[PDB]
Amino acid sequence: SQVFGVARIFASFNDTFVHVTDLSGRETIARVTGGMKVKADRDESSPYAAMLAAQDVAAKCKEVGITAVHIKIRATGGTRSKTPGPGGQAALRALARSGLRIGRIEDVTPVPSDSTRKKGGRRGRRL
Amino acid sequence: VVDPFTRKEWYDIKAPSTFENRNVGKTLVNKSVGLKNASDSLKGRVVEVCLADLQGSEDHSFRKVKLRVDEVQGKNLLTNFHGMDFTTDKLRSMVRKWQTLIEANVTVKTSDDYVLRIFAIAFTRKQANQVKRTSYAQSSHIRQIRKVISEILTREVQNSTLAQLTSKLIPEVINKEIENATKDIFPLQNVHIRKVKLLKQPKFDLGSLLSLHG
Amino acid sequence: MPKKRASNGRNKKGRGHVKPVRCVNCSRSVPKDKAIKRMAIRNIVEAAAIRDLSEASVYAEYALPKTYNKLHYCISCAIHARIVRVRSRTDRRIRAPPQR
Amino acid sequence: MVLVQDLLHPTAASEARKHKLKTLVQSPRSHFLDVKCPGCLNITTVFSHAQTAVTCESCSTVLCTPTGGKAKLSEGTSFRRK
RNA sequence: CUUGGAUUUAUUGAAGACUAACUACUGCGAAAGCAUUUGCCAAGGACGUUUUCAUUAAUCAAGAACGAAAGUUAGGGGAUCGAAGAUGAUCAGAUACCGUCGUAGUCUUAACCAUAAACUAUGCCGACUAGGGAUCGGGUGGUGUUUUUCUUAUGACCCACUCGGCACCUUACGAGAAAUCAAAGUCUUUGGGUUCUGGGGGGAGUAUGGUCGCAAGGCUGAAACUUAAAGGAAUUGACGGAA
Ligand SMILES: [Mg+2]
Ligand SMILES: [Mg+2]
Ligand SMILES: [Mg+2]
Ligand SMILES: [Mg+2]
Ligand SMILES: [Mg+2]
Ligand SMILES: [Mg+2]
Ligand SMILES: [Mg+2]
Ligand SMILES: [Mg+2]
Ligand SMILES: [Mg+2]
Ligand SMILES: [Mg+2]
Ligand SMILES: [Mg+2]
Ligand SMILES: [Mg+2]
Ligand SMILES: [Zn+2]
Ligand SMILES: [Zn+2]
């Protein structure tokens, strides 16, 4: 009965994605991003924008013909953060509100075994 | 201006019969137009889905299974356990401080030309009574355990022609065996397979594949 | 200038010079001892959002998993916000885990 | 242990506790366990810390496996003390 | 910065990197340093020992062995960060942060170099002095507990003692200028055995010569002249875009 997707929320700092796909992954549905719904450069990762994006994605899904999703969350990963952004949670909330159903939530952030050299240099990033 | 959302074709994902259900869900592709065909495009599509999705029960909500599309037969598309997996949020909780973990990787040619890499995580046990905050096994002991695990893998992969191996993996029999083997060296907790990766593969072997589904 | 501490970078004693770790926030190379290793075991869903998720969702009980991030901080960085918390001379000797 | 220990005669317990060296006089606590094998009726005066795959007088029976300290007496074997 | 879907989604391939989680007041190594696998190759401490030699021992100016990083020559690669350099803001200005990019490298392989806050800013060997628990590696004893294939026997703990290295509290009568120190104690109640180093600050790790180097530099190392303080530790303040 329930037609599924995989939500894929790439929640980096300074932008969020919501990238709904089929179960194989190849054929997408909607790729809606934070910077797409709020033209302010700053307001990309910002929650409201993320929420809007999520809503848009949901709408797209509805148009297509899908009922449920599998939340996968990706923080920037590897050389950066490994910390889910400000607007992943917000996006999720938005999705929930939309009524597009939810099943099996994961964080598939690519946390390495032993990364190749990080940002900054040795003395780091000195504001 | 094209818009290929109307120009689409929906197909149903057909799982192997080792699990409860032989049907995962619903994928899609473009039509089989001249020059670029549909079946061809399909053959080679990895559906990574939960093992609780297939089996039904929440005991196997600690697992995942990559499923590679091989044969496209009458819309429905037959897949093969291309991989077995743990999602990050399962094994991350099991790695806790103040107790040693034991990984074990094993390359194994099955009876068929299918080089399986099969992993095996196994944590060390905080015993009953223990006041030593730590439960660290000696390096030597750990090594021994790893060796044992490898041996086990060699025994039970290689043998039984790959399909059967998957089935065996399914309800943790291998893990249990490993645990049993260990108990003389060191007690251990959990003990799992974690992943299954795959290298080589021969001609598609269509008849054989079919003989799974029936 | 006298020694503030006996330990200093702490774990390095009878350990020549250990391997290092990169900080989360700064990406400053900090030795994996003078490190400040807080363990962020957050739930994958936001507190108020959990209810929403439940309302949305299929199944019962659910995974509702936790993300696991062992965060390393370059001392200075930690002092700006994190668990550090500048103590008095006599209070520095106390190594017991705070709160609790 | 404080002020007036009276050091020539300790209680034997203390001596037992302390290192085989760090008493009044040096005196070891290794023993010549007089082992009998299951086979031939003859007694081998086996030093308890063998350092050797201890055969019998002639027959290849294997009496004691030399563990780092005291020897594990291989299988169901019987022994006298010293 | 692209959109003539870059990014994002999914399978691969190539390359050389690294080797998280594990990871601790944890372990080893003469230090520098060393954490995936298995294997190989030798060496090593601790231990245990009713084994064997009998002064072979302790420390060391000559000389020797190693020796982080960078740099260097010469080879491979180059992902990111990234001295150089481009470049975008900010300020009276700012070739500075911040920002974006990013040759050399970073990483490696063959040669060097021989320096570090190579810092425990604590030479080594020896002995003795006060409590305590732990903690790693050995080794004893427990009709202790569980494993369970019936007694088991290994294993793994529990407890006590044992020797061993990378580790708290009080009084110090011992110390110490004090922070503090169970050694930095057994020193004007001055002598266990040794090597090395220092003699107000600067001038100066310079000049010079030696010597060592491909170089960069290293080891070695002045004086003239100058100057009343330079330091250390803490105390009270004042202050801090610290809490
Ligand atoms: Mg200061
Ligand atoms: Mg000074
Ligand atoms: Mg050491
Ligand atoms: Mg060092
Ligand atoms: Mg260790
Ligand atoms: Mg590892
Ligand atoms: Mg010399
Ligand atoms: Mg170099
Ligand atoms: Mg820069
Ligand atoms: Mg400028
Ligand atoms: Mg002078
Ligand atoms: Mg001062
Ligand atoms: Zn930082
Ligand atoms: Zn005989």
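Every residue, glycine among them, receives a Cβ derived from its backbone with ideal geometry; neighbour counts consider all protein chains shown. Values in this text are rule-based calculations from the coordinates and carry no lab data.
Brief remarks on what is shown
- Restricting attention to segment B:109-118, the residues being closer than 16 Å to B:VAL65 by Cα and surrounded by fewer than 19 Cβ atoms within 10 Å (Cβ to Cβ) number 1.
Condition check ((1) surrounded by 19 or more Cβ atoms within 10 Å (Cβ to Cβ); (2) more than 9 Å from RNA strand E (Cβ to nearest atom); (3) of a type in the set (A, V, I, L, M)) across all residues:
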{"residue": "B:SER57", "(1), (2), (3)": "no, yes, no"}
{"residue": "B:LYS75", "(1), (2), (3)": "no, yes, no"}
{"residue": "B:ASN80", "(1), (2), (3)": "yes, yes, no"}
{"residue": "B:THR87", "(1), (2), (3)": "yes, yes, no"}
{"residue": "B:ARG96", "(1), (2), (3)": "no, no, no"}
{"residue": "B:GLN99", "(1), (2), (3)": "no, no, no"}
{"residue": "B:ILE121", "(1), (2), (3)": "yes, no, yes"}
{"residue": "B:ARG133", "(1), (2), (3)": "no, no, no"}
{"residue": "B:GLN158", "(1), (2), (3)": "no, yes, no"}
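- Residues located in segment A:57-110, provided they are buried (at least 23 other Cβ atoms within 10 Å of the Cβ), farther than 30 Å from C:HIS72 by Cβ and of a type in the set (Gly, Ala, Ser): A:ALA58, A:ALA94, A:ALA96
- Considering segment A:70-94, the residues that are within 9 Å of chain C (Cβ to nearest Cβ) and under 15 Å from A:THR21 (Cα atoms) include one that is nearest to ligand 6 (Cβ to nearest atom), namely A:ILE73.
- Segments classed as helices (runs of 4 or more DSSP H), wholly inside segment A:11-127, with at least 1 members that are free of Cβ contacts under 8 Å to residues at least 12 places away in the same chain: A:47-64, A:87-98
- Which listed residue, of A:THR76, A:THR109, is touching a strand residue (DSSP E or B) at 6+ places or on another chain (Cβ under 9 Å), away from ligand 14 (no atom under 16 Å from the Cβ), among the β-branched types (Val, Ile, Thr) and under 29 Å from C:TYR59 (Cα atoms): A:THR109
- Among the residues listed as C:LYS70, C:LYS12, the single one being within 7 Å of RNA strand E (Cβ to nearest atom), in a strand (DSSP E or B) and free of Cβ contacts under 8 Å to residues at least 60 places away in the same chain: C:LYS70
- Note on segment D:18-71: among residues that are within 17 Å of D:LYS82 (Cα to Cα), of a type in the set (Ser, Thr, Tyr) and out of contact with any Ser or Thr (no Cβ under 6 Å at 6 or more places or on another chain), the one that is nearest to RNA strand E (Cβ to nearest atom) is D:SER27.
- Exactly one residue among A:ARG31, A:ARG101, A:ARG117, A:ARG93 is of a type outside the set (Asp, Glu) and under 27 Å from C:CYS74 (Cβ atoms), and that residue is A:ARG117.
- Which listed residue, of C:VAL24, C:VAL45, C:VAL30, C:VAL58, is under 15 Å from the mean Cα position of the chain (by Cα), closer than 25 Å to B:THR87 by Cα and either more than 10 Å from RNA strand E (Cβ to nearest atom) or assigned to a helix (DSSP H, G or I) (or both): C:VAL24
- Given (1) under 30 Å from A:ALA96 (Cα atoms); (2) hydrophobic (A, V, I, L, M, F, W, C); (3) assigned to a loop (DSSP other than H, G, I, E, B), number of the condition C:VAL86 does not satisfy: (1)
- Extreme residue, farthest from ligand 6 (Cβ to nearest atom), among residues of segment B:71-93 that are touching a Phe, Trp or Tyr at 6+ places or on another chain (Cβ under 6 Å) and in contact (Cβ under 8 Å) with a residue 12 or more places away in the chain: B:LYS75
- Looking only at segment A:95-120, and only at residues there that are on the phi > 0 side of the Ramachandran plot and facing chain C (nearest Cβ under 8 Å), the one that is nearest to ligand 13 (Cβ to nearest atom): A:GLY120
- If you go through segment A:1-22 and keep only what is out of contact with any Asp or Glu (no Cβ under 8 Å at 6 or more places or on another chain), hydroxyl-bearing (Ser, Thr, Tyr) and surrounded by 22 or more Cβ atoms within 10 Å (Cβ to Cβ), you end up with just A:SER12.
- Members of segment D:43-71 found to be exposed (fewer than 12 other Cβ atoms within 10 Å of the Cβ) and within 16 Å of ligand 14 (Cβ to nearest atom), listed by number: D:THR45, D:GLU57, D:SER58, D:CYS59, D:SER60
- Meets criteria (over 18 Å from the mean Cα position of the chain (by Cα) and closer than 26 Å to A:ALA75 by Cβ) for C:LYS37: no
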